[PDB]
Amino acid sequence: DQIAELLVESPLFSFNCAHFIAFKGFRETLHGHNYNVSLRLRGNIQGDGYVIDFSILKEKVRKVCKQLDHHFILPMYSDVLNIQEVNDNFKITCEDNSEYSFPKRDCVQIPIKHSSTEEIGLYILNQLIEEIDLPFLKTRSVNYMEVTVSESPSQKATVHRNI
C-alpha cells in the first residue's frame, strides 16, 4: 500500500471572530482576526484512487468554521475571567476589574481556557474528527489527522492526533 498525505487549504475555511487573550498577570484589549483552518491527513490510497474524497474534507471543515464564524470567542474554562449571565448577556469581569458585556447570541462558548491559536486549534481538531467520524476515517485507512489554525497570515499553530 502507498502512503499519501492530503492537504485541504482555502480562504473559505475561515471564521472571522472577536477575542482577547487573558491569563495570569496579563490581559489584552478586545480585537479580532480572520482565522483560517487547513487540514492535513495521512493514509493509504484506496481502491477508488483516493485516500479520502476532498469534497467530504472541504464540507466538514466549512461546517466547523461556520459554527465559530461571526462571534466573540468566549473561553469557558478561563481561570482569570469572571463570566456572569446577566439577562440575555454574558458579563465578563477581568483581574484588573475591566468589564465587558455582550449578548449571548454574539458569543460562542468554547471549552477552552484561553482563546489562543493553540487551544482553538485543539478544539477544532477534536470537532473535525467527530464531524468526519472516527470509524469512517479508519475505513479509509487514515491514521493521522492534523489541523493548522492561523490567527493571521503571519502567525500559525499546528496540532495533530495519531488515529
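The first residue of the shown sequence is 1; numbering continues from there.
Averaged over Cα atoms, the B-factor as recorded in the entry is higher for 131-139 than for the other of 111-119 and 131-139. Comparing 6-14 with 141-149, the higher mean C-alpha B-factor in the PDB entry belongs to 6-14. Highest CA B-factor among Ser98, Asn36, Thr29, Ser55, as stated in the entry: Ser55. When the modelled residues of the chain are ordered by C-alpha B-factor, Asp48 sits in the middle third.
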